[PDB]
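Q: from the sequence below, what's the structure:
(chains A, B, C and D, ligands or ions: 3)
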Amino acid sequence: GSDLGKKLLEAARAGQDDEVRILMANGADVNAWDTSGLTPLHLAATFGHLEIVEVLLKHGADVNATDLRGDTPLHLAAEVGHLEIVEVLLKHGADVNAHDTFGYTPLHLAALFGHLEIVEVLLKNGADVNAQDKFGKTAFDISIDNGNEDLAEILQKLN
Amino acid sequence: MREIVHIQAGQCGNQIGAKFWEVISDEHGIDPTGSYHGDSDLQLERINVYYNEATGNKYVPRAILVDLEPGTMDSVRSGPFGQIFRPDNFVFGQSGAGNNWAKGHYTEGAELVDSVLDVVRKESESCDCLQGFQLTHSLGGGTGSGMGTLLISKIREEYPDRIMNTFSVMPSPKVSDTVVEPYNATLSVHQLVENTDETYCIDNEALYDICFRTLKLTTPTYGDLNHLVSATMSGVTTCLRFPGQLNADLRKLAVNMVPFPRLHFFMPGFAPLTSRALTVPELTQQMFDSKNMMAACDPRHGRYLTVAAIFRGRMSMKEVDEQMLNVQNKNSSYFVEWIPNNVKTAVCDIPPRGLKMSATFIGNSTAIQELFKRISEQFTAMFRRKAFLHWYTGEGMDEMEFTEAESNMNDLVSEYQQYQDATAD
Amino acid sequence: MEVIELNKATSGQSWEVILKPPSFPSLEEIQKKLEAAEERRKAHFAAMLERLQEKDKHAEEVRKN
Amino acid sequence: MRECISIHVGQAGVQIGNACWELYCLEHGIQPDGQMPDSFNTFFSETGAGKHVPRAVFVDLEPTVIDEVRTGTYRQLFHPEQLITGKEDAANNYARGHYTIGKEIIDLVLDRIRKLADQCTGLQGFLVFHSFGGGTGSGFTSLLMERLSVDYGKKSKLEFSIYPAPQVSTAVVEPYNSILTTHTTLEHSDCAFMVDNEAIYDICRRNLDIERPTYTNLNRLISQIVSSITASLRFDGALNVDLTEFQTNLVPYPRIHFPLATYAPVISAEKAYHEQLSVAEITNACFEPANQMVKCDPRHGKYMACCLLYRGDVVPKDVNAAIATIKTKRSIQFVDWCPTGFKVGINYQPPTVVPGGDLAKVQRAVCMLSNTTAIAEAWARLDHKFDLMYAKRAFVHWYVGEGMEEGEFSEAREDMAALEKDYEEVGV
Ligand SMILES: Nc1nc2c(ncn2[C@@H]2O[C@H](COP(=O)(O)OP(=O)(O)OP(=O)(O)O)[C@@H](O)[C@H]2O)c(=O)[nH]1
Ligand SMILES: Nc1nc2c(ncn2[C@@H]2O[C@H](COP(=O)(O)OP(=O)(O)O)[C@@H](O)[C@H]2O)c(=O)[nH]1
Ligand SMILES: [Mg+2]
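A: Numbers count the residues shown, from 1 in each chain, chains lettered A, B, ... in the order given. Ligands and ions are numbered 1, 2, ... in the order given. The structure is reproduced below:
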């Protein structure tokens, strides 16, 4: 979406709440992709900009939009440890079991990052614990290899 | 015979490399077919440093062209000097590195690395007396960054007795392709600290600033930035290419410019800052000015450990001497007192294209810590949130590698601070 | 003033003017030193090579599949 | 016969060597091809064809400087065997010159020296020309001096050493190379004539009105001084007739073997016809610090020995009258254990200059050779520069990586500290 598309991506990365609003009204494309296929949603999800995530979604952003590595905004919020954003995406129809080009599910990424509360909300929302990445690893395997005892207990109940 | 083997890796590496070859071929009188057509014997005296002598009076760059992206082959080959390169010196992959250091260093790059080394070996073994290696690459991408540093470490183990010199393009958000650039650059700096003898820090932040703030160029292309890179590259290699008593080979340059093995990152500078005649005092003042540095660091914030200055053209050599000593006497506080006579000047009669007089600056300054601090702060902002970490761990990398690269760049910053505060007891 | 040592040669002459009197095979070691330097330089280069050979083991720890 | 072999090591040694042999040829009437239309047989050998060949060796670790000799004006003067070159230089690193690169050519260099020594029937010894600053000039010279002391145990070794100056220098590491070579050569040299590039630079600017002296301008002045010192060995005079006499006349204490040379007159060739300087005027100029080959203040020092070497139209009674005035009007302090007298030598040939050169032909010239404690100031200048860098270990990694132990830097500096003390002890 030309100049508006690049400006919208910049404002979602920077967390310029009021600038995102100004650009939407002017017609900036909500799913305007960057060099790596990241939409303003992915950028807000990485950097932890909760309000921007909510404004983008109310302005019809694609909750399951996949970048070029195949990561949706749910994979990114789970990796970056943004619990509140993981809750907002889930409530707005995010794919709990979405798979990137490496076979990672959001649970794979939350377990590797050691985000205990995110793992709890992902499992509550139906994340498959038996999913295997292209390395043949489940999220339980990730926690045991990392040496994360508290997380392996949290995942063993289902796996 | 003091031969240099030139390597160009990735998109940036091949673009700045091609521009270096076009610029130095014009200075040496070499046309795109490899034929000489100049008016001076000084042009051919040290031609062997960068060119191999070919059949029927022809000259061929001692250059190896590398990329994981195949489309790079085509763009170079289509350039004005595209035909000058040896076809068997093009080593190109087919899948690309996707701006990922891990892909360049451990996956796609690891698969192509042996093929490059075979070409390096062939060029090196034909040299009468190899000086060392010159590599062009960016630190922000995947191929130049990841594969370039893998190439450096493999050349270092095979040729430990030869100089390793790099022209390394530092990323900047002002000129940015992706947010993963701080990761790619930090992982690379770690490798450069350990495996190169001397590195020219070509900062995209400084290039952007010079273009817009010095020439008022509102929309710089990579071509606009590369005009500054090619002018600098020509200038810093002047004493290697043209008959000259001072800074004859890369080893002699490294010996006098590098007091501590890890502190080998130079801040290049150039005057006058033109676009696509100054007096000796004007050239001298411009050369030491923050606005003329190719690294976005204020020299005034640090101290020079060593300085090399190369003047090009027909000028009063008495005026050069007086002007150079004047800078040191009037601004004594910007040079460490514990390295006596640490400012060296050389004069070459041949000026660069479209200029009657020019000056090239090579500074080994503690102020370069500002560039490393900038990258480190961006790396830390990204790494704390673990953003895009799966791209790297998915290629087999461990998070400890990131922690280690971060610690070693911060150790490099503190080392520069240590010598900036050191007193001549 | 006193003029001693008046030596007269073919293309020259020499003398002194006294104003006042005074009041009052190691070759094997060279080979051993150059040997030491060479063995030290090799030990330095071999340590750089072991450290690079160490990194090569780490890079083989990625292409497992 | 009493032959002397000249050895030129590195760029400075070779280029000064070129200027010296050019001047020796002009003085002795030898053409650049060796033909001549003998006292000089001490420096030149004679073939069956009547060709006069310099008893000289030229060594460099890289070939560019010696290649210019091989193809220049004097390409037929020296035989190819006398001109030795490597492929890679010492890159301003003493360690490369002495250890890693030097070890590869030392045996070949000694073999070539032996070929010249075999042609001698009464070899006196060697005259070694080199810089203190260059990796080859410093490192290779010290290795060669070590090997010559073993292979020619009874032979005298004299040096002509190019002392570094920022106004004329190529390296930041040159103070290191200077101390390193001095330490390792000290016990292997009988007498060394230091040539401070700043003193030569100053004389060319002040007396020859050359704003920017080139190596040609500097070397023609250096060769004029070197010729004044070696004339006695080439013309059979009565003072310093053999290499052993230099030590006897100028060196009472073996480690303190660095005499100060003072030369006069240095006159521009491009200046209006002037009344020729008298014996008294050129003798008075010998006590003028501006005419010294090494910058130092002799009024702060004490004399151990003093030789005056005159050349040209010089009357012995005029010298005696000049010296009498010098003992009166000036304060020349000798050490309490030295005879206080001046040794005098007179060579009656008119001083020779390069035709078309910067130096004017003079009727009478003089070189004073004085062993003064004031020269310790030149050692203090180098030691201070060494100290500044060594305290931080700046550049030391380059040497350690080229077959040298870090401890050698400390051993060298401790020897220089002892040498400074030797001068101080004599100075009281
Ligand atoms: N007077 C004089 N000094 C010289 C000359 N060339 C170099 N120097 C000085 O000697 C030092 C440089 O040492 P060199 O002899 O040139 O080096 P080298 O022995 O050839 O070793 P490499 O340079 O590595 O080949 C500096 O102090 C220079 O100022 C010369 O022709 N005349
Ligand atoms: N100065 C300059 N920087 C460039 C150029 N091309 C790319 N870069 C920079 O280099 C980085 C991209 O790396 P690149 O070499 O293009 O990709 P690779 O092939 O995957 O290594 C970014 O930081 C860019 O800003 C160029 O032509 N000039
Ligand atoms: Mg040389």
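Q: name the nearest residue to residue D:18, ignoring sequence neighbours.
A: Closest residue to residue D:18 apart from its sequence neighbours, by C-beta to C-beta, 6 or more residues apart in numbering or on different chains: residue D:69 at 6.3 Å. Just so you know, the C-beta spots here come from the backbone N, C-alpha and C atoms, and that holds for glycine as well.
Q: show me the contact partners of the strand or helix carrying the one you found.
A: Assigned by DSSP states H and E, residue D:69 belongs to helix D:64-71. Helix D:64-71 has contacts (C-beta atoms under 8 Å, 6 or more residues apart in numbering or on different chains) with D:11, D:14, D:15, D:18, D:58, D:60, D:75, D:78, D:80, D:83, D:84, D:85.
Q: that one near ligand 1 at all?
A: No - contact between helix D:64-71 and ligand 1, assessed by C-beta under 6 Å from any ligand atom, is absent, since the two come no nearer than 6.8 Å.
Q: so how far is the helix or strand following that helix off the chain centroid?
A: For helix D:64-71, the succeeding helix or strand toward the C-terminus, using DSSP H and E, is strand D:83-85. Taking the mean of its C-alpha atoms, strand D:83-85 sits 21 Å from the chain's own mean (C-alpha atoms, centre = their mean, to the nearest Å).
Q: give me the sheet partners of strand D:83-85 and which way each runs.
A: Taking DSSP bridges as the criterion, strand D:83-85 sits next to strand D:56-60 (parallel) in its sheet.
Q: in the strand it pairs with, what counts as buried?
A: Neighbour-count burial for strand D:56-60, with 16 or more other C-beta atoms under 10 Å in any protein chain shown as criterion, is recorded at D:56, D:57, D:58, D:59, D:60.
Q: wait, doesn't the third one sit right on residue D:82?
A: Yes - applying C-beta atoms under 8 Å, one finds residue D:58 in contact with residue D:82, separated by 6.3 Å.
Q: so residue 131, which state does it fall into?
A: Let's take chain A. Following DSSP: H, G, I helix; E, B strand; the rest coil, the label given to residue A:131 is coil.
Q: nope, chain B
A: When states are read from three-state DSSP, the local structure at residue B:131 comes out as strand.
Q: and it, how far from residue B:4?
A: In this view, residue B:131 and residue B:4 are 5 Å apart by C-beta to C-beta, to the nearest Å.
Q: any common contacting residues for the two?
A: When contacts are counted by C-beta under 8 Å, 6+ apart, residue B:131 and residue B:4 have B:49, B:240, B:250 as shared neighbours.
Q: who's the closest residue to the last one other than its chain neighbours bridged to?
A: This points to residue B:250. Taking C-beta to C-beta, 6+ apart, and ignoring the residues beside it in sequence, residue B:250 has residue B:163 as its nearest neighbour in space, at 4.2 Å. When bridges are taken as DSSP bridges, the partners of residue B:163 come out as residue B:132.
Q: so how many other residues sit close to residue B:163?
A: The number of residues packed around residue B:163, counting by other C-beta atoms under 10 Å in any protein chain shown, is 21.
Q: now it: how far from ligand 2?
A: For residue B:163, the distance to ligand 2 (C-beta to the nearest ligand atom, to the nearest Å) stands at 23 Å.
Q: which SS class is the residue of chain A found nearest ligand 1?
A: Closest to ligand 1 within chain A is residue A:35: 49.3 Å, counting by C-beta to the nearest ligand atom. When the structure is reduced to helix, strand and coil (three-state DSSP), residue A:35 reads as coil.
Q: list the contacts of it.
A: By C-beta under 8 Å, 6+ apart, the contact set of residue A:35 is B:99, B:177, B:178.
Q: one more: residue D:63?
A: Under the criterion of C-beta under 8 Å, 6+ apart, the contact partners of residue D:63 comprise D:85, D:86, D:87.
Q: nearest to residue C:36, of the residues you listed?
A: Nearest to residue C:36 among the contacts of residue D:63: residue D:86, at 22.3 Å, using C-beta to C-beta.
Q: also near ligand 2: which of the contacts of residue A:35, exactly?
A: Counting by C-beta under 6 Å from any ligand atom, B:99, B:177 from the contacts of residue A:35 sit close to ligand 2.
Q: neighbours of the closest residue to chain C within chain A, how many?
A: Per C-beta to the nearest C-beta, residue A:135 is where chain A lies closest to chain C, at 7.5 Å. Using other C-beta under 10 Å, residue A:135 has 17 other residues around it.
Q: next, count neighbours for the closest residue to residue D:402 other than its chain neighbours.
A: Taking C-beta to C-beta, 6+ apart as the measure, residue D:402 lies nearest to residue D:95, with 3.6 Å between them; neighbours along the chain are not counted. Residues near residue D:95, counting by other C-beta under 10 Å, number 28.
Q: would you mind measuring from residue D:95 to residue C:47?
A: Computed with C-beta to C-beta, the distance linking residue D:95 and residue C:47 is 18 Å.
Q: so can I have a markdown table of the shared contacts of residue B:131 and residue B:4 showing distance to residue D:427, neighbour count and secondary structure?
A: Converted to a markdown table, these look like this (distance: C-beta to C-beta, whole Å; neighbours: other C-beta atoms under 10 Å in any protein chain shown; DSSP: H, G, I helix; E, B strand; the rest coil):
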| residue | distance to residue D:427 | neighbour count | secondary structure |
| --- | --- | --- | --- |
| B:49 | 52 | 20 | helix |
| B:240 | 48 | 20 | helix |
| B:250 | 46 | 24 | helix |
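Q: possible to save those as JSON lines with distance to residue B:258?
A: Formatted as JSON lines, the entries for the shared contacts of residue B:131 and residue B:4 read as follows, by distance: C-beta to C-beta, whole Å:
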{"residue": "B:49", "distance to residue B:258": "21"}
{"residue": "B:240", "distance to residue B:258": "16"}
{"residue": "B:250", "distance to residue B:258": "11"}
